[PDB]
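Take the sequence shown: its letters are residues 27 to 82, 87 to 112, 115 to 135, 142 to 502, 531 to 562, 576 to 608, 625 to 732, numbered as in PDB author numbering.
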Amino acid sequence: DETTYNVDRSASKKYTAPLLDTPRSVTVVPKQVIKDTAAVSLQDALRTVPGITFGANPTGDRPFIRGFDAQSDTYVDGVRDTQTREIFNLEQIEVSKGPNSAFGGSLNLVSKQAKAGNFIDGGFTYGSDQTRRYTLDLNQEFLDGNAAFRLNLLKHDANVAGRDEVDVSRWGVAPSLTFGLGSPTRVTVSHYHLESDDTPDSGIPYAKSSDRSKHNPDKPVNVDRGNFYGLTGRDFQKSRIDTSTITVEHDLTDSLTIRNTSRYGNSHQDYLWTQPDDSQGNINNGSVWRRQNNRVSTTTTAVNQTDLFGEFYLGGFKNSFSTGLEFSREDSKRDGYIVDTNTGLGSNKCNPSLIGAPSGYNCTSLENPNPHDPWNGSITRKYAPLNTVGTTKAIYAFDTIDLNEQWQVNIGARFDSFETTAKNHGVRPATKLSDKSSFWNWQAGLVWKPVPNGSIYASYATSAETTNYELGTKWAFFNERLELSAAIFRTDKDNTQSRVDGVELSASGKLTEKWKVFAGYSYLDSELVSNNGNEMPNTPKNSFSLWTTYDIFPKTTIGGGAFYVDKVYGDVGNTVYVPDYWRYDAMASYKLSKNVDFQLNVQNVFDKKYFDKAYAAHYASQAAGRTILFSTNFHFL
């Protein structure tokens, strides 16, 4: 069933048990939720899972999970990645909220692969924000059903509702080949390519009060909804990602599969954007310094991962296990631009008399900025990069033991070894600095099943310094079409000292035959333990996500979502924040025939102005306003 709102198993076979019986908080955002919400990105899609905030970049692509930074815990099919992620090539999104030695929490993005079946799918979406999105998803068998070819294509252009001039443009191509369908030896080859060229948002500056502190923190200034402080003549955000993956699987016995995966990745970023005022206090006289930020970056990644997984029997118990070796190499080159933003008054100071041409357009108006100002300062590349070469070697082992039909034990360990060399051409003479380290990690879980469709679990994880305790329960109702979850947990971290205590509730699947739900609640009580007693940044204390659809007639579905996010602090010092908000979404779909769907989405039904990322200083990112999307989807199977 491809229309399910509940997914009962992970895709990666490092999990040794179904999700009901896995002793960890895991939420899968299934394909159908991604389609029903009409999500056009990873962040858009993750609004359905509460307590995941993004922070920091001209668009902050760094997730925070249970109040902890997870930029370098994003996986594509269980392997690390070389950046703003699109969803056209994804089947589902797997969110692990606590640790998992198999890989603060992590995201695992499952790619669409060539597989058995013949289909041609495609869609176009037109929007009130000028969205023009075209997708094609073609999968064809060949070699008489022993192999398959799949091609996913994307073209996406859009403005942003309630933001002057800000826009996005991207396209993608994802070819895939799989061989040995149904046989004991399978070979898969994938390539992924995405290129983008955006006009980056400036965001909105924090108010800057004379008495700003932990006690009276500042929030974004209140100005017209569309205000953009950047420059259409200057600012740009260009990226390219290329990823090749080769996977070989062989069944050695009926109980044992060996798997080798090779990934080569290559990503370029060339960004230059504006930040409003960088806390210079010019906003208090009605003006804004257009501070310039930038990054030029190239990264190369090479990974090889060999896994052995399956079953063995010992003392009368089944042991469902996975074990492996991982070797990788990352090359990164960080450079930038040198840009003249001198206002003429102490470099970065402004007032209304300097707005426009007297500041070389480095000052603008707080209330009525002009993004078309013909700014014309020098831009030159530094050509003096920080070049880093990193090596990793890891070994891991995971085992689930069925003691009887009521009791299971999970144990997992992982050892990582790391070597880096950094050459910095930004200082004279250039420096060469090396570093060596390792990371031990292990976890244990206990599952009690009073009845088959019921689960109560304890869990302990440590890494060496971090410690996680979790205690939870999961239940499957209405013929295992509805999963309910509840968890409590504590995370303790030394040399961050910090603590996060929390509660998580989930509901996923069918309530009745016509009524589906995908929903969660998250409570995060976080603390630094002077900043002693402050909340963690990017960690909403309360959040709630509800997505629901109802099959109101045959051929017709209606639906909506309600999302709450509590206030969020930008800094450890708790001096800046973005306020809490409610957002509501609506949808309707009509099956015109077996081959054509029509879909309407209304995002942010009440046109709430709110801020989806709070940065540590200077400013916050404003989310999109009300957006209306009409989709036409074709599918021939």
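All C-beta atoms in this analysis are idealised placements derived from N, C-alpha and C, irrespective of residue type, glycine included.
Paired residues, beta bridge with residue i - DSSP
{"i": "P632", "result": "None, per the DSSP bridge assignment."}
{"i": "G362", "result": "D345, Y434"}
{"i": "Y679", "result": "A657"}
{"i": "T722", "result": "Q698"}
{"i": "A553", "result": "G538, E583"}
{"i": "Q313", "result": "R329"}
{"i": "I494", "result": "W486, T539"}
{"i": "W480", "result": "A451, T500"}
{"i": "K470", "result": "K461"}
{"i": "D378", "result": "According to DSSP, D378 bridges with nothing at all."}
{"i": "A598", "result": "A586, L641"}
{"i": "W445", "result": "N442, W486"}
Pair within 7 Å by beta-carbon distance, residue i and residue j
{"i": "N626", "j": "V667", "result": "yes"}
{"i": "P409", "j": "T270", "result": "yes"}
{"i": "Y714", "j": "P314", "result": "yes"}
{"i": "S366", "j": "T430", "result": "yes"}
{"i": "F347", "j": "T295", "result": "yes"}
{"i": "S640", "j": "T74", "result": "yes"}
{"i": "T469", "j": "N462", "result": "yes"}
{"i": "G165", "j": "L724", "result": "yes"}
{"i": "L147", "j": "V106", "result": "yes"}
{"i": "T727", "j": "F693", "result": "yes"}
{"i": "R328", "j": "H306", "result": "no"}
{"i": "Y659", "j": "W677", "result": "yes"}
{"i": "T312", "j": "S207", "result": "no"}
{"i": "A152", "j": "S221", "result": "no"}
{"i": "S605", "j": "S638", "result": "no"}
{"i": "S416", "j": "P49", "result": "no"}
{"i": "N121", "j": "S149", "result": "yes"}
{"i": "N322", "j": "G374", "result": "no"}
{"i": "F731", "j": "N669", "result": "no"}
Euclidean distance between Cα positions of residue i and residue j
{"i": "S403", "j": "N389", "result": "9 Å"}
{"i": "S300", "j": "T458", "result": "21 Å"}
{"i": "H194", "j": "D205", "result": "11 Å"}
{"i": "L352", "j": "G665", "result": "52 Å"}
{"i": "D280", "j": "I449", "result": "36 Å"}
{"i": "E203", "j": "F266", "result": "7 Å"}
{"i": "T237", "j": "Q275", "result": "6 Å"}
{"i": "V489", "j": "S585", "result": "20 Å"}
{"i": "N298", "j": "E233", "result": "28 Å"}
{"i": "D289", "j": "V127", "result": "29 Å"}
{"i": "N386", "j": "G200", "result": "28 Å"}
{"i": "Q481", "j": "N132", "result": "8 Å"}
{"i": "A719", "j": "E118", "result": "17 Å"}
{"i": "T379", "j": "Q330", "result": "7 Å"}
{"i": "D316", "j": "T79", "result": "23 Å"}
{"i": "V59", "j": "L68", "result": "12 Å"}
{"i": "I647", "j": "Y309", "result": "47 Å"}
{"i": "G483", "j": "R35", "result": "18 Å"}
{"i": "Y705", "j": "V673", "result": "8 Å"}
{"i": "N414", "j": "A395", "result": "10 Å"}
{"i": "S684", "j": "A196", "result": "22 Å"}
{"i": "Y172", "j": "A65", "result": "14 Å"}
{"i": "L424", "j": "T438", "result": "44 Å"}
{"i": "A186", "j": "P44", "result": "28 Å"}
{"i": "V596", "j": "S587", "result": "6 Å"}
{"i": "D103", "j": "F94", "result": "10 Å"}
{"i": "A340", "j": "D454", "result": "16 Å"}
Collapsed DSSP secondary structure at residue i in the structure displayed
{"i": "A71", "result": "helix"}
{"i": "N462", "result": "strand"}
{"i": "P93", "result": "strand"}
{"i": "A451", "result": "strand"}
{"i": "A395", "result": "helix"}
{"i": "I321", "result": "helix"}
{"i": "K559", "result": "strand"}
{"i": "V198", "result": "strand"}
{"i": "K371", "result": "strand"}
{"i": "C388", "result": "coil"}
{"i": "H306", "result": "strand"}
{"i": "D107", "result": "coil"}
{"i": "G165", "result": "strand"}
{"i": "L181", "result": "coil"}
Cβ of residue i within 7 Å of any chain B Cβ
{"i": "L232", "result": "The displayed structure is made up of one protein chain only, and chain B is not part of it."}
Next on the checklist: What ranges does the alpha helix (DSSP H) occupy inside the segment 41-67, keeping only unbroken runs of at least 4 residues that lie completely in it?
Outcome noted: 57-62
Item to check | beta strand (DSSP E) segments (min. 3 residues) lying fully within the segment 205-283 | outcome: 223-236
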